[PDB]
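**Q** The file below is final_22.txt, compact mmCIF, C-alpha atoms and all ligand atoms:
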# COMPACT_ATOMS: atom_id res chain seq x y z
CA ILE W 1 107.27 107.09 139.00
CA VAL W 2 109.39 105.90 141.99
CA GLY W 3 111.99 108.27 143.51
CA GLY W 4 111.00 111.08 141.20
CA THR W 5 110.16 114.74 141.65
CA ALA W 6 107.36 117.08 140.52
CA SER W 7 107.74 118.32 136.95
CA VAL W 8 107.35 122.03 136.14
CA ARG W 9 104.52 123.04 133.72
CA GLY W 10 105.77 122.87 130.08
CA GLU W 11 108.80 120.72 130.96
CA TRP W 12 107.59 117.60 129.00
CA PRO W 13 105.16 119.14 126.44
CA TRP W 14 105.00 115.91 124.35
CA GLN W 15 103.74 113.99 127.45
CA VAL W 16 100.01 113.13 127.35
CA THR W 17 97.62 111.37 129.72
CA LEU W 18 95.44 108.82 127.93
CA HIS W 19 92.11 108.27 129.72
CA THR W 20 89.52 105.58 129.33
CA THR W 21 85.83 106.46 129.81
CA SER W 22 84.60 102.82 130.45
CA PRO W 23 83.12 101.98 132.99
CA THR W 24 84.07 105.41 134.52
CA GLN W 25 86.72 107.95 133.47
CA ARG W 26 90.25 107.34 134.75
CA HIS W 27 93.88 107.71 133.62
CA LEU W 28 94.87 104.59 131.55
CA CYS W 29 98.39 105.24 130.24
CA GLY W 30 100.99 107.81 129.27
CA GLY W 31 101.82 108.70 125.66
CA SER W 32 103.97 111.06 123.57
CA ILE W 33 102.96 113.54 120.85
CA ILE W 34 105.07 112.64 117.77
CA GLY W 35 103.00 114.34 115.00
CA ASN W 36 100.00 116.69 114.87
CA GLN W 37 97.49 113.79 114.87
CA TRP W 38 99.75 111.10 116.37
CA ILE W 39 100.39 109.73 119.86
CA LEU W 40 103.04 107.03 120.38
CA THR W 41 102.28 104.70 123.32
CA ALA W 42 102.43 101.04 124.50
CA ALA W 43 100.38 98.26 122.86
CA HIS W 44 99.62 96.60 126.29
CA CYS W 45 97.61 99.74 127.29
CA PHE W 46 94.74 98.53 125.04
CA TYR W 47 94.21 95.14 126.74
CA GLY W 48 90.40 94.77 126.78
CA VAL W 49 89.88 98.13 124.91
CA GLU W 50 87.29 97.10 122.27
CA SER W 51 86.89 100.53 120.65
CA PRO W 52 88.77 103.87 120.27
CA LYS W 53 85.42 105.57 121.19
CA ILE W 54 86.14 105.12 124.94
CA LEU W 55 89.53 106.94 124.71
CA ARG W 56 90.43 110.60 125.51
CA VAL W 57 93.86 112.12 124.99
CA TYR W 58 94.70 115.13 127.19
CA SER W 59 97.74 117.22 126.24
CA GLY W 60 99.14 120.29 128.07
CA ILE W 61 98.39 118.75 131.47
CA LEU W 62 100.66 119.07 134.52
CA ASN W 63 98.04 118.10 137.15
CA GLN W 64 95.35 115.40 136.75
CA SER W 65 93.04 117.88 138.70
CA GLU W 66 93.06 120.08 135.50
CA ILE W 67 90.85 117.34 133.95
CA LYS W 68 87.08 117.79 134.51
CA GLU W 69 84.01 117.23 132.26
CA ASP W 70 84.57 120.69 130.63
CA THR W 71 88.34 120.05 129.86
CA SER W 72 89.15 119.78 126.15
CA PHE W 73 90.66 116.50 124.89
CA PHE W 74 91.43 114.79 121.55
CA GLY W 75 89.22 111.94 120.42
CA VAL W 76 90.92 108.84 118.97
CA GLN W 77 90.00 107.90 115.38
CA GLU W 78 92.17 104.75 115.28
CA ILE W 79 94.26 102.45 117.51
CA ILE W 80 97.23 100.96 115.58
CA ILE W 81 98.94 98.09 117.45
CA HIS W 82 102.14 96.50 116.06
CA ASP W 83 100.82 93.29 114.47
CA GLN W 84 103.74 91.21 115.95
CA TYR W 85 102.67 92.31 119.49
CA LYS W 86 101.60 89.50 121.87
CA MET W 87 102.62 90.89 125.30
CA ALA W 88 104.90 93.54 126.88
CA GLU W 89 107.50 90.94 128.02
CA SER W 90 107.92 89.61 124.43
CA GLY W 91 108.43 93.06 122.84
CA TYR W 92 106.74 94.88 119.92
CA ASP W 93 105.06 96.87 122.75
CA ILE W 94 104.19 99.83 120.59
CA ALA W 95 100.99 101.45 119.38
CA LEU W 96 99.91 104.64 117.60
CA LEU W 97 96.77 106.62 118.26
CA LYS W 98 95.48 108.52 115.23
CA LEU W 99 93.65 111.54 116.67
CA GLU W 100 90.20 112.69 115.33
CA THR W 101 91.50 116.29 115.19
CA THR W 102 94.87 118.07 114.88
CA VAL W 103 97.00 119.20 117.89
CA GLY W 104 97.79 122.93 117.62
CA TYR W 105 101.44 123.24 118.66
CA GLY W 106 102.51 125.72 121.35
CA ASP W 107 104.64 126.00 124.51
CA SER W 108 102.19 123.61 126.39
CA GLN W 109 101.91 120.86 123.70
CA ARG W 110 104.44 120.00 121.02
CA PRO W 111 106.11 116.89 119.51
CA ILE W 112 109.23 115.05 120.63
CA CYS W 113 111.74 114.11 117.84
CA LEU W 114 112.03 110.42 117.06
CA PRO W 115 115.61 109.03 117.32
CA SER W 116 117.73 109.07 114.14
CA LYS W 117 118.79 105.68 112.63
CA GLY W 118 122.34 107.11 112.39
CA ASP W 119 122.17 107.88 116.14
CA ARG W 120 121.62 104.16 117.04
CA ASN W 121 125.36 104.37 118.05
CA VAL W 122 125.14 107.59 120.22
CA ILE W 123 125.46 107.19 124.04
CA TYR W 124 122.62 108.95 125.86
CA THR W 125 123.63 110.20 129.32
CA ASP W 126 120.69 112.55 130.05
CA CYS W 127 117.50 110.31 130.12
CA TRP W 128 114.28 110.92 132.04
CA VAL W 129 111.16 108.81 132.63
CA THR W 130 107.92 110.74 133.28
CA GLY W 131 104.37 109.94 134.30
CA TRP W 132 101.45 110.11 136.75
CA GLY W 133 102.02 106.47 137.85
CA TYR W 134 102.41 104.94 141.34
CA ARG W 135 105.37 105.91 143.61
CA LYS W 136 105.57 102.25 144.75
CA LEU W 137 103.89 98.90 143.99
CA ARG W 138 100.77 99.58 146.09
CA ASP W 139 99.93 103.22 145.61
CA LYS W 140 97.70 105.43 143.44
CA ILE W 141 97.89 107.65 140.35
CA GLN W 142 99.68 110.92 141.22
CA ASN W 143 98.11 114.35 140.61
CA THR W 144 101.37 116.05 139.46
CA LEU W 145 103.42 114.70 136.52
CA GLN W 146 106.65 113.20 138.02
CA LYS W 147 110.12 112.89 136.50
CA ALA W 148 113.17 110.78 137.37
CA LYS W 149 116.61 110.80 135.71
CA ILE W 150 117.69 107.22 134.99
CA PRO W 151 120.85 105.79 133.30
CA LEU W 152 120.53 103.53 130.25
CA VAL W 153 121.76 99.94 130.76
CA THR W 154 123.39 97.81 128.00
CA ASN W 155 121.36 94.91 126.52
CA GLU W 156 124.02 92.47 127.95
CA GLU W 157 123.65 93.80 131.51
CA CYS W 158 119.81 93.94 131.19
CA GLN W 159 119.74 90.31 130.01
CA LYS W 160 121.84 89.28 133.12
CA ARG W 161 119.17 91.04 135.27
CA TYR W 162 116.28 89.19 133.62
CA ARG W 163 117.12 85.48 133.65
CA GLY W 164 114.26 83.57 132.08
CA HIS W 165 113.37 86.46 129.72
CA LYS W 166 114.73 87.18 126.27
CA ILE W 167 115.85 90.86 126.30
CA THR W 168 116.10 91.73 122.59
CA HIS W 169 117.76 94.74 120.90
CA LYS W 170 114.14 95.99 120.23
CA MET W 171 114.04 96.63 124.03
CA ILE W 172 116.15 99.19 125.92
CA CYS W 173 116.69 99.12 129.69
CA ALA W 174 117.26 101.84 132.23
CA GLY W 175 117.84 101.83 135.97
CA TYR W 176 120.38 102.12 138.79
CA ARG W 177 122.07 98.88 139.95
CA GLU W 178 120.93 99.73 143.51
CA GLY W 179 117.37 100.57 142.31
CA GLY W 180 115.45 103.51 143.80
CA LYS W 181 114.27 105.28 140.60
CA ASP W 182 111.96 103.77 137.97
CA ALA W 183 108.60 103.79 136.26
CA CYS W 184 105.69 102.05 138.03
CA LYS W 185 101.94 101.25 137.51
CA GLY W 186 100.23 103.92 135.39
CA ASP W 187 103.44 105.16 133.74
CA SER W 188 103.46 102.68 130.82
CA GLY W 189 103.07 104.09 127.34
CA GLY W 190 104.81 107.28 128.43
CA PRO W 191 108.19 108.49 127.16
CA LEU W 192 111.80 107.76 128.13
CA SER W 193 113.15 111.16 126.86
CA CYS W 194 116.91 111.68 126.30
CA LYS W 195 118.56 115.06 125.60
CA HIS W 196 121.38 114.96 123.00
CA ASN W 197 123.01 118.03 121.30
CA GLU W 198 120.35 120.27 123.02
CA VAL W 199 117.51 118.20 121.35
CA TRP W 200 115.14 115.81 123.17
CA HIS W 201 114.62 112.41 121.52
CA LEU W 202 111.99 109.73 122.21
CA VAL W 203 114.38 106.91 123.06
CA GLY W 204 111.97 104.59 124.85
CA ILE W 205 108.34 103.76 125.61
CA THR W 206 107.73 102.67 129.28
CA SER W 207 106.84 98.97 129.03
CA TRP W 208 107.57 96.63 131.97
CA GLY W 209 109.78 95.59 134.92
CA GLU W 210 109.85 92.99 137.76
CA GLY W 211 108.37 95.16 140.53
CA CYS W 212 109.27 98.90 140.64
CA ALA W 213 112.74 100.42 141.24
CA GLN W 214 114.11 97.17 142.66
CA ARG W 215 117.86 96.66 142.96
CA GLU W 216 119.22 94.98 139.79
CA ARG W 217 115.80 95.11 138.00
CA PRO W 218 116.04 97.88 135.34
CA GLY W 219 112.85 99.18 133.75
CA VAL W 220 112.34 97.70 130.24
CA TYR W 221 111.36 100.10 127.47
CA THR W 222 110.41 99.68 123.81
CA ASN W 223 113.61 100.76 121.92
CA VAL W 224 111.99 103.42 119.67
CA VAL W 225 114.99 103.71 117.21
CA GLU W 226 114.21 100.06 116.14
CA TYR W 227 110.63 101.11 115.19
CA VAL W 228 111.24 104.37 113.27
CA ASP W 229 110.45 102.66 109.90
CA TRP W 230 107.30 101.04 111.37
CA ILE W 231 106.17 104.50 112.72
CA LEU W 232 106.81 106.14 109.27
CA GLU W 233 104.94 103.23 107.58
CA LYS W 234 101.83 103.94 109.66
CA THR W 235 102.02 107.81 109.86
CA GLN W 236 103.23 108.52 106.25
CA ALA W 237 100.93 106.06 104.40
CA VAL W 238 100.05 107.32 100.88
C1 LIG H 301 92.37 106.14 138.90
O1 LIG H 301 93.07 105.65 137.73
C2 LIG H 301 93.88 104.59 137.92
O2 LIG H 301 94.09 104.07 139.00
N1 LIG H 301 94.40 104.19 136.73
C3 LIG H 301 95.41 103.22 136.52
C4 LIG H 301 96.22 102.68 137.52
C5 LIG H 301 97.14 101.68 137.21
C6 LIG H 301 97.28 101.21 135.90
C7 LIG H 301 96.43 101.73 134.90
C8 LIG H 301 95.51 102.72 135.22
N2 LIG H 301 96.49 101.25 133.57
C9 LIG H 301 96.16 100.00 133.19
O3 LIG H 301 95.90 99.10 133.98
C10 LIG H 301 96.13 99.77 131.69
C11 LIG H 301 96.88 98.48 131.29
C12 LIG H 301 98.32 98.50 131.69
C13 LIG H 301 98.97 97.51 132.33
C14 LIG H 301 100.41 97.53 132.79
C15 LIG H 301 100.82 98.90 133.37
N3 LIG H 301 102.23 98.95 133.77
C16 LIG H 301 102.83 100.14 133.96
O4 LIG H 301 102.19 101.20 133.96
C17 LIG H 301 104.28 100.10 134.26
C18 LIG H 301 105.02 99.02 134.49
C19 LIG H 301 106.47 99.04 134.77
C20 LIG H 301 107.32 99.63 133.82
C21 LIG H 301 108.67 99.74 134.09
CL1 LIG H 301 109.71 100.46 132.89
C22 LIG H 301 109.21 99.29 135.28
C23 LIG H 301 108.38 98.71 136.23
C24 LIG H 301 107.01 98.56 135.97
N4 LIG H 301 106.20 97.90 136.94
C25 LIG H 301 106.21 96.65 137.43
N5 LIG H 301 105.21 96.49 138.24
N6 LIG H 301 104.55 97.67 138.26
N7 LIG H 301 105.13 98.53 137.48
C26 LIG H 301 99.89 99.26 134.50
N8 LIG H 301 99.12 100.33 134.50
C27 LIG H 301 98.32 100.20 135.63
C28 LIG H 301 98.65 99.05 136.29
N9 LIG H 301 99.65 98.47 135.56
What is this file in structure tokens?

**A**
Amino acid sequence: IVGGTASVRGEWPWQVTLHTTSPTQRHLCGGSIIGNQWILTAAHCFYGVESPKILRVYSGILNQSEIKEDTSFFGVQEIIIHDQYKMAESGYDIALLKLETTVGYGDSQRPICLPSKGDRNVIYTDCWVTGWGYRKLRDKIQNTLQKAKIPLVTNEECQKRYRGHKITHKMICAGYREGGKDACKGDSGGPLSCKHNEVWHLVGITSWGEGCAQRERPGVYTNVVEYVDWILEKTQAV
């Protein structure tokens, strides 16, 4: 996260840190708890991931230093990537992790509400991007979960900012015209959380941008409201 500040413990209890174990253990991506065996994240996170056996989901983490060999985690039973996904820049950048065991909800780990289809018209004015990602293009994973408040940008303005790309309505953009606050390397897969009527909603999934926090280059997020039926298809299968 660029231009962000340290989160407080329990502030983003749906935020997870997804680690890979191959070749050595390191943070891979962010994710959000959406159900008691379900993590919503970005499809591009699994580039070169040949098996869910190398994945570890850590919930209830503020500091990466809380993670050692004796720290509990959730194993991943299945990786579900949207089957129209090709690359982050073309959209469909969404994946589900089916966990091997159930998350016990509490004040340190609990789900974020998905957006309502009826609320595709609501204007979100209180949106935050969170993660342990870089603070600038050449940096390192941060110990403490960071947060940054960022305004949503219309599809029309985002398209003007990304000449040569096709910014679809399945993408949602967020950033200041002057830049300064954004997601960066290591934040992808994490949430873009917006508070509306005292309820937090998973509005976006951190996906891509041209550089980090650059002037007139908003961060591009998977527009979660456009995938609610796809999520229910995969999580509520009979
Ligand atoms: C010690 O542990 C580490 O160093 N881990 C460790 C360290 C680094 C990384 C990983 C693991 N994860 C991956 O490589 C998985 C595969 C993932 C690809 C892409 C992913 N992109 C982002 O996270 C965000 C991009 C992004 C998003 C928005 Cl909204 C705006 C601007 C963005 N940026 C443009 N340029 N940079 N950011 C990424 N993540 C990293 C590098 N790039």

**Q** Please determine, counting all atoms listed in the file, which residue among W:196, W:203, W:42, W:3 has the shortest atom-to-atom distance to residue 88 of chain W.

**A** W:42

**Q** Select from chain W every residue with an atom at most 7 Å from any atom of ligand LIG 301 (chain H), then for each give the shortest pair of atoms and their distance in Å to one decimal, using only C-alpha atoms and all ligand atoms, rows by chain and rising number, as a tab-separated table.

**A**
residue	atom	partner	partner_atom	distance
W:26	CA	H:LIG301	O1	4.4
W:27	CA	H:LIG301	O1	4.7
W:28	CA	H:LIG301	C8	4.2
W:29	CA	H:LIG301	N2	5.5
W:44	CA	H:LIG301	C12	5.9
W:45	CA	H:LIG301	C11	4.3
W:46	CA	H:LIG301	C11	6.6
W:47	CA	H:LIG301	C11	6.2
W:133	CA	H:LIG301	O4	6.6
W:137	CA	H:LIG301	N6	5.9
W:140	CA	H:LIG301	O2	5.9
W:141	CA	H:LIG301	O2	5.4
W:182	CA	H:LIG301	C22	5.9
W:183	CA	H:LIG301	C21	4.6
W:184	CA	H:LIG301	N7	3.6
W:185	CA	H:LIG301	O4	3.6
W:186	CA	H:LIG301	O4	3.6
W:187	CA	H:LIG301	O4	4.2
W:188	CA	H:LIG301	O4	3.7
W:206	CA	H:LIG301	CL1	4.7
W:207	CA	H:LIG301	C20	4.9
W:208	CA	H:LIG301	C20	3.5
W:209	CA	H:LIG301	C23	3.7
W:210	CA	H:LIG301	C25	5.2
W:211	CA	H:LIG301	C25	4.1
W:212	CA	H:LIG301	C23	4.5
W:213	CA	H:LIG301	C23	6.9
W:218	CA	H:LIG301	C22	7.0
W:219	CA	H:LIG301	CL1	3.5
W:220	CA	H:LIG301	CL1	4.6
W:221	CA	H:LIG301	CL1	5.7

**Q** Let me make sure I understand: among W:118, W:223, W:202, W:25, which one has the smallest atom-to-atom distance to residue 154 of chain W if we use only C-alpha atoms?

**A**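 Between W:118, W:223, W:202, W:25, the residue approaching residue 154 of chain W most closely is W:223.
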
**Q** Pick out the closest residue to residue 128 of chain W from this set: W:38, W:73, W:200, W:227. Count only C-alpha atoms.

**A** W:200

**Q** Need to verify the contact set: residue 86 of chain W, 9 Å, all atoms listed in the file, exclusion of same-chain residues closer than 5 positions in sequence. Can you return it as a list in words?

**A**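 So the residues in contact are residues 43, 44, 91, 92 and 93 of chain W.
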
**Q** From the list W:191, W:35, W:175, W:106, which residue is nearest residue 157 of chain W when using all atoms listed in the file?

**A**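 Looking only at the distances to residue 157 of chain W, the closest residue turns out to be W:175.
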
**Q** Using atom CA of residue 10 of chain W and atom CA of residue 107 of chain W as the two end points, give the distance in Å to one decimal.

**A**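 Atom-to-atom, atom CA of residue 10 of chain W and atom CA of residue 107 of chain W are spaced 6.5 Å apart.
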
**Q** Compare W:9, W:147, W:19, W:136 by their minimum atom-to-atom distance to residue 67 of chain W, counting all atoms listed in the file, and give me the closest one.

**A**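 Once distances to residue 67 of chain W are computed over all atoms listed in the file, the minimum belongs to W:19.
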
**Q** At a cut-off of 12 Å, using only C-alpha atoms, what residues contact residue 61 of chain W? Leave out same-chain residues fewer than 4 positions from it and give the result as a ChimeraX atom specification.

**A** /W:7-18,30,57,65-68,71-73,107-109,131-132,143-146

**Q** Between W:103, W:237, W:224, W:127, which one has atoms that come closest to residue 149 of chain W, using all atoms listed in the file?

**A**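 Selected residue with least distance to residue 149 of chain W: W:127.
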
**Q** What gap, in Å, lies between atom CA of residue 77 of chain W and atom CA of residue 89 of chain W?

**A**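 Pair atom CA of residue 77 of chain W / atom CA of residue 89 of chain W returns 27.5 Å.
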
**Q** Between atom CA of residue 32 of chain W and atom CA of residue 112 of chain W, what is the spacing in Å?

**A** 7.2 Å

**Q** Residues near residue 215 of chain W, anyone? I mean within 9 Å using all atoms listed in the file, not counting same-chain ones fewer than 3 positions away, as number ranges by chain.

**A** W: 175-180, 218

**Q** Generate N, CA and C atoms for segment 50-83 of chain W and emit them as a PDB file, in the frame of the given file.

**A**
ATOM      1  N   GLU W  50      87.975  97.614 123.479  1.00  0.00           N
ATOM      2  CA  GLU W  50      87.290  97.100 122.270  1.00  0.00           C
ATOM      3  C   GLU W  50      87.052  98.163 121.207  1.00  0.00           C
ATOM      4  N   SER W  51      87.177  99.445 121.575  1.00  0.00           N
ATOM      5  CA  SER W  51      86.890 100.530 120.650  1.00  0.00           C
ATOM      6  C   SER W  51      87.706 101.783 120.979  1.00  0.00           C
ATOM      7  N   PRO W  52      88.081 102.598 119.967  1.00  0.00           N
ATOM      8  CA  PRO W  52      88.770 103.870 120.270  1.00  0.00           C
ATOM      9  C   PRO W  52      87.809 104.933 120.822  1.00  0.00           C
ATOM     10  N   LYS W  53      86.487 104.667 120.737  1.00  0.00           N
ATOM     11  CA  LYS W  53      85.420 105.570 121.190  1.00  0.00           C
ATOM     12  C   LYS W  53      85.467 105.854 122.679  1.00  0.00           C
ATOM     13  N   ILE W  54      86.039 104.936 123.481  1.00  0.00           N
ATOM     14  CA  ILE W  54      86.140 105.120 124.940  1.00  0.00           C
ATOM     15  C   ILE W  54      87.418 105.885 125.359  1.00  0.00           C
ATOM     16  N   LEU W  55      88.248 106.296 124.399  1.00  0.00           N
ATOM     17  CA  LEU W  55      89.530 106.940 124.710  1.00  0.00           C
ATOM     18  C   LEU W  55      89.506 108.463 124.603  1.00  0.00           C
ATOM     19  N   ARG W  56      90.265 109.140 125.488  1.00  0.00           N
ATOM     20  CA  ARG W  56      90.430 110.600 125.510  1.00  0.00           C
ATOM     21  C   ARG W  56      91.885 110.914 125.760  1.00  0.00           C
ATOM     22  N   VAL W  57      92.467 111.704 124.870  1.00  0.00           N
ATOM     23  CA  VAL W  57      93.860 112.120 124.990  1.00  0.00           C
ATOM     24  C   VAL W  57      93.889 113.552 125.514  1.00  0.00           C
ATOM     25  N   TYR W  58      94.555 113.772 126.650  1.00  0.00           N
ATOM     26  CA  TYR W  58      94.700 115.130 127.190  1.00  0.00           C
ATOM     27  C   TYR W  58      96.147 115.536 127.070  1.00  0.00           C
ATOM     28  N   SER W  59      96.398 116.664 126.401  1.00  0.00           N
ATOM     29  CA  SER W  59      97.740 117.220 126.240  1.00  0.00           C
ATOM     30  C   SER W  59      97.790 118.503 127.075  1.00  0.00           C
ATOM     31  N   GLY W  60      98.985 119.051 127.299  1.00  0.00           N
ATOM     32  CA  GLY W  60      99.140 120.290 128.070  1.00  0.00           C
ATOM     33  C   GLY W  60      98.698 120.177 129.517  1.00  0.00           C
ATOM     34  N   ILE W  61      98.810 118.981 130.087  1.00  0.00           N
ATOM     35  CA  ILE W  61      98.390 118.750 131.470  1.00  0.00           C
ATOM     36  C   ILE W  61      99.630 118.592 132.356  1.00  0.00           C
ATOM     37  N   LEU W  62      99.662 119.301 133.504  1.00  0.00           N
ATOM     38  CA  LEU W  62     100.660 119.070 134.520  1.00  0.00           C
ATOM     39  C   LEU W  62      99.973 118.233 135.624  1.00  0.00           C
ATOM     40  N   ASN W  63      98.803 118.700 136.066  1.00  0.00           N
ATOM     41  CA  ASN W  63      98.040 118.100 137.150  1.00  0.00           C
ATOM     42  C   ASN W  63      96.807 117.385 136.655  1.00  0.00           C
ATOM     43  N   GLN W  64      96.570 116.139 137.111  1.00  0.00           N
ATOM     44  CA  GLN W  64      95.350 115.400 136.750  1.00  0.00           C
ATOM     45  C   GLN W  64      94.084 116.187 137.163  1.00  0.00           C
ATOM     46  N   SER W  65      94.173 117.041 138.226  1.00  0.00           N
ATOM     47  CA  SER W  65      93.040 117.880 138.700  1.00  0.00           C
ATOM     48  C   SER W  65      92.603 118.934 137.653  1.00  0.00           C
ATOM     49  N   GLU W  66      93.427 119.171 136.591  1.00  0.00           N
ATOM     50  CA  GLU W  66      93.060 120.080 135.500  1.00  0.00           C
ATOM     51  C   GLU W  66      91.948 119.444 134.648  1.00  0.00           C
ATOM     52  N   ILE W  67      91.809 118.108 134.743  1.00  0.00           N
ATOM     53  CA  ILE W  67      90.850 117.340 133.950  1.00  0.00           C
ATOM     54  C   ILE W  67      89.496 117.232 134.647  1.00  0.00           C
ATOM     55  N   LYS W  68      88.472 117.863 134.057  1.00  0.00           N
ATOM     56  CA  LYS W  68      87.080 117.790 134.510  1.00  0.00           C
ATOM     57  C   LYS W  68      86.243 117.529 133.263  1.00  0.00           C
ATOM     58  N   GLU W  69      84.896 117.451 133.404  1.00  0.00           N
ATOM     59  CA  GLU W  69      84.010 117.230 132.260  1.00  0.00           C
ATOM     60  C   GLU W  69      84.125 118.319 131.184  1.00  0.00           C
ATOM     61  N   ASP W  70      84.472 119.554 131.572  1.00  0.00           N
ATOM     62  CA  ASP W  70      84.570 120.690 130.630  1.00  0.00           C
ATOM     63  C   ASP W  70      85.986 120.862 130.010  1.00  0.00           C
ATOM     64  N   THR W  71      86.953 119.983 130.368  1.00  0.00           N
ATOM     65  CA  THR W  71      88.340 120.050 129.860  1.00  0.00           C
ATOM     66  C   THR W  71      88.406 119.517 128.451  1.00  0.00           C
ATOM     67  N   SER W  72      89.045 120.262 127.526  1.00  0.00           N
ATOM     68  CA  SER W  72      89.150 119.780 126.150  1.00  0.00           C
ATOM     69  C   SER W  72      90.115 118.597 126.063  1.00  0.00           C
ATOM     70  N   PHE W  73      89.845 117.694 125.121  1.00  0.00           N
ATOM     71  CA  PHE W  73      90.660 116.500 124.890  1.00  0.00           C
ATOM     72  C   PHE W  73      90.625 116.217 123.381  1.00  0.00           C
ATOM     73  N   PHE W  74      91.433 115.256 122.936  1.00  0.00           N
ATOM     74  CA  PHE W  74      91.430 114.790 121.550  1.00  0.00           C
ATOM     75  C   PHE W  74      90.788 113.420 121.543  1.00  0.00           C
ATOM     76  N   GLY W  75      89.830 113.238 120.641  1.00  0.00           N
ATOM     77  CA  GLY W  75      89.220 111.940 120.420  1.00  0.00           C
ATOM     78  C   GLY W  75      90.212 111.085 119.631  1.00  0.00           C
ATOM     79  N   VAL W  76      90.050 109.774 119.695  1.00  0.00           N
ATOM     80  CA  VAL W  76      90.920 108.840 118.970  1.00  0.00           C
ATOM     81  C   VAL W  76      90.105 108.239 117.816  1.00  0.00           C
ATOM     82  N   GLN W  77      90.601 108.414 116.600  1.00  0.00           N
ATOM     83  CA  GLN W  77      90.000 107.900 115.380  1.00  0.00           C
ATOM     84  C   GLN W  77      90.414 106.423 115.207  1.00  0.00           C
ATOM     85  N   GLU W  78      91.679 106.104 115.516  1.00  0.00           N
ATOM     86  CA  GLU W  78      92.170 104.750 115.280  1.00  0.00           C
ATOM     87  C   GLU W  78      93.255 104.354 116.256  1.00  0.00           C
ATOM     88  N   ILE W  79      93.237 103.067 116.664  1.00  0.00           N
ATOM     89  CA  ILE W  79      94.260 102.450 117.510  1.00  0.00           C
ATOM     90  C   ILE W  79      95.064 101.535 116.581  1.00  0.00           C
ATOM     91  N   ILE W  80      96.371 101.780 116.439  1.00  0.00           N
ATOM     92  CA  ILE W  80      97.230 100.960 115.580  1.00  0.00           C
ATOM     93  C   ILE W  80      98.223 100.226 116.476  1.00  0.00           C
ATOM     94  N   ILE W  81      98.053  98.914 116.632  1.00  0.00           N
ATOM     95  CA  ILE W  81      98.940  98.090 117.450  1.00  0.00           C
ATOM     96  C   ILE W  81      99.867  97.329 116.523  1.00  0.00           C
ATOM     97  N   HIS W  82     101.176  97.252 116.870  1.00  0.00           N
ATOM     98  CA  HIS W  82     102.140  96.500 116.060  1.00  0.00           C
ATOM     99  C   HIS W  82     101.565  95.082 115.874  1.00  0.00           C
ATOM    100  N   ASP W  83     101.489  94.578 114.634  1.00  0.00           N
ATOM    101  CA  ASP W  83     100.820  93.290 114.470  1.00  0.00           C
ATOM    102  C   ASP W  83     101.690  92.081 114.908  1.00  0.00           C
TER     103      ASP W  83
END
